[PDB]
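S.K.: Can you keep this structure in mind? I'll have questions shortly.
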Amino acid sequence: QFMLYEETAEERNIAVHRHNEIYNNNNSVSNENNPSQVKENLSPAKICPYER
Amino acid sequence: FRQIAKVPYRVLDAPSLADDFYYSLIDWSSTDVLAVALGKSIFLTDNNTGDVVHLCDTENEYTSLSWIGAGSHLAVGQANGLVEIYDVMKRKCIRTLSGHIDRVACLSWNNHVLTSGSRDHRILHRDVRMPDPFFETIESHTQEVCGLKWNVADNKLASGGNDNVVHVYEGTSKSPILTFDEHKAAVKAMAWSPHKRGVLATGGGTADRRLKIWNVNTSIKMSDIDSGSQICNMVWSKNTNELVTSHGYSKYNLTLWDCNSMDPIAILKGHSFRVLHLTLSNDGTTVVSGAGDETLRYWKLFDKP
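Residue numbers (the deposited numbering), protein chains in the order written: chain L, 60 to 111; chain D, 244 to 548.
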């Protein structure tokens, strides 16, 4: 019920290109011994969690 | 206290359907078209025809999708942060939106506003009629934003992070009006009640497992229930005051909740991977579930109104 803004082929190529450079720039440092970022994908066998 | 079938009425093969908690790759449009992201491809099924359309591939990975209000356009996110919009009738990519610098795990529409949330820590509001990639940026999570649900009737957004925090915003506003950080785990599964404005459901991950119901705009936790397993997805019944939660570790079920009493009505079994992907049919009768077991299951759960 409104008009979506539609890209020219050229407009897309600009957008893609800029994005790819912004993206490849921001190499941010991480802690490879910290599993937060992926915590919800560790099954409890891997969490190996609390007791004895 | 009413009868509810224990077996799906349709099972579709969904090869390559992701087994990643943070994805939710299955959406049923207001025009009755089911959209599903399988690895590097997106497929559509007409529920009325049984017709299958294969639009778009990527060298990357598809990572989120959300139908526009009217069901004419599909919004699609990628692992590299790119967000694109597809004209489904035309089968062409209408536009290509930058802004994110890391995967876009969640997307949500409020009419002409499209909103994306990413593993950079940002949420972006985008005027979809405008030539600008985005008009507002929100950095209120300190980890991946993995849940995002607009109200539309209320003018309210909910966001849920891997930082275990939930925020509620008034419209397109940069600062949240409310913050709930009780949960002890990721909050990806959240849903607004269509029956009562300002009511929000949120569900925690492995270390939390809780279903909480919040009365926003009065600031009260109306309910809080140990569901006993990781909550991975969620859907509020349109035709009835009931909630469906889908589960990960260590119970791969859907559970159907009453809401008036906060009691489980039924537990739906079958999936052999966590039930990560979930969506409600446009007529409100059917819930489709998906898992890394590469199946989509159709559960007839509700009646006409």
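Where a beta carbon is used, it is the ideal one built from N, C-alpha and C, also for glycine.
Beta carbon of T528/D: closer than 8 Å to some heavy atom of the ligand NAP?
M.R.: Judged by which ligands are present, the structure shown has none, so any question about the ligand NAP falls away.
S.K.: Looking at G390/D: is its Cβ nearer than 9 Å to the Cβ of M433/D?
M.R.: Contact flag set, yes.
S.K.: Please report how far the alpha carbon of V531/D lies from the alpha carbon of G471/D, in whole angstroms.
M.R.: Approximately 22 Å, taken between the alpha carbons.
S.K.: So what does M477/D bridge to, in DSSP terms?
M.R.: The partner list for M477/D (beta bridge, DSSP) reads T488/D.
S.K.: Indicate the three-state DSSP secondary structure (helix, strand or coil) for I456/D in the structure shown.
M.R.: Looking at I456/D - three-state DSSP - the assignment turns out to be strand.
S.K.: Quick one: is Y492/D buried, meaning 16 or more other Cβ sit within 10 Å of its Cβ, or exposed?
M.R.: Flag for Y492/D reads buried.
S.K.: Given that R71/L touches chain D, what residues does it touch there, using C-beta distances under 8 Å?
M.R.: The contacting residues are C336, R338, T339.
S.K.: I believe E99/L touches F377/D by the beta-carbon criterion, under 8 Å. Please report the beta-carbon distance rounded to the nearest angstrom.
M.R.: Contact doesn't hold; Cβ gap of about 27 Å is too wide.
S.K.: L325/D touches chain L at which residues, Cβ-Cβ below 8 Å?
M.R.: Per Cβ cutoff of 8 Å: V75, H78.
S.K.: Under 8 Å Cβ-Cβ, which residues of chain D neighbour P103/L?
M.R.: Simply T449, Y492, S493.
S.K.: Does any residue of chain L bring its CB to less than 9 Å from the CB of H297/D?
M.R.: No, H297/D does not count as interfacial toward chain L.
S.K.: Please identify the residue among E425/D, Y541/D, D526/D whose C-alpha is closest to the C-alpha of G447/D.
M.R.: Closest option to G447/D, Cα to Cα, is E425/D.
S.K.: With 9 Å as the limit, tell me which residues of the segment 379–394 of chain D have their beta carbon closer than that to any beta carbon of chain L; keep them in chain order.
M.R.: Within the segment 379–394 of chain D, the qualifying residues are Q386, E387, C389.
S.K.: Suppose the cutoff is 6 Å on Cβ atoms and the five residues either side in sequence are ignored; what does the same chain contact list for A322/D look like?
M.R.: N303, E304, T306, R346.
S.K.: Would you mind giving the Cβ-Cβ distance between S489/D and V518/D, rounded to the nearest angstrom? I have them listed as a contact below 8 Å.
M.R.: About 4 Å separates the two Cβ atoms, so the contact holds.
S.K.: For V459/D and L497/D, which I take to be in contact (beta-carbon distance under 8 Å), what is that distance rounded to the nearest angstrom?
M.R.: 25 Å between Cβ atoms; not a contact.
S.K.: Whose CA, out of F423/D, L454/D, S341/D, lies closest to the CA of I463/D?
M.R.: The candidate whose alpha carbon is nearest that of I463/D is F423/D.
S.K.: So is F377/D in contact with chain L if we call contact Cβ pairs under 9 Å?
M.R.: Chain L, which has no Cβ nearer than 9 Å to the Cβ of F377/D, makes this no.
S.K.: Give me the Cα-Cα distance between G533/D and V276/D, rounded to the nearest whole angstrom.
M.R.: Their backbone Cα atoms lie some 16 Å apart in a straight line.
S.K.: Does the separation of the CB atoms of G513/D and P258/D fall below 9 Å?
M.R.: Not closer than 9 Å, so no.
S.K.: Apart from the five residues just before and just after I508/D, which ones in its own chain have a Cβ nearer than 6 Å to its Cβ?
M.R.: Taken in chain order, the residues that qualify are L499, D501.
S.K.: So for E537/D, helix, strand or coil by DSSP?
M.R.: Of the three classes helix, strand and coil, the one that applies to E537/D here is coil, per DSSP.
S.K.: To the nearest angstrom, report how far apart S416/D and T301/D are at their CA atoms.
M.R.: About 33 Å.
S.K.: Please state whether DSSP places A348/D in a helix, a strand or coil.
M.R.: Reduced to three states, the DSSP call for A348/D is strand.
S.K.: What beta strand (DSSP E) runs, 3 residues minimum, are completely inside the segment 362–406 of chain D?
M.R.: Counting whole runs of 3 or more residues, the segment 362–406 of chain D contains the beta strand (DSSP E) stretches 366–370, 379–381, 388–393, 399–404.
S.K.: Rounded to whole angstroms, what's the CA-CA distance from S480/D to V487/D? Just pull it up for me.
M.R.: Computed Cα separation, rounded: 7 Å.
S.K.: Who are the neighbours of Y82/L on chain D, taking C-beta pairs under 7 Å?
M.R.: What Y82/L touches in chain D: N323, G324, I344.
S.K.: Would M373/D count as contacting chain L if we go by Cβ distances under 9 Å?
M.R.: So, interface residue.
S.K.: So who's on the other strand from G446/D, going by DSSP bridges?
M.R.: DSSP output for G446/D lists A432/D, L454/D as bridge partner(s).
S.K.: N100/L versus chain D: which residues are under 7 Å apart at the beta carbon?
M.R.: Those are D263, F264, listed as they occur along chain D.
S.K.: State the CB to CB distance for the pair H364/D and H384/D, rounded to an integer number of angstroms; the pair is presumed to be in contact (CB under 8 Å).
M.R.: That belief holds up - the Cβ atoms of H364/D and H384/D are roughly 5 Å apart, short of 8 Å.
S.K.: What are the boundary residues of the alpha helix (DSSP H) that includes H343/D?
M.R.: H343/D -> no alpha helix (DSSP H), and no H or E assigned at all.
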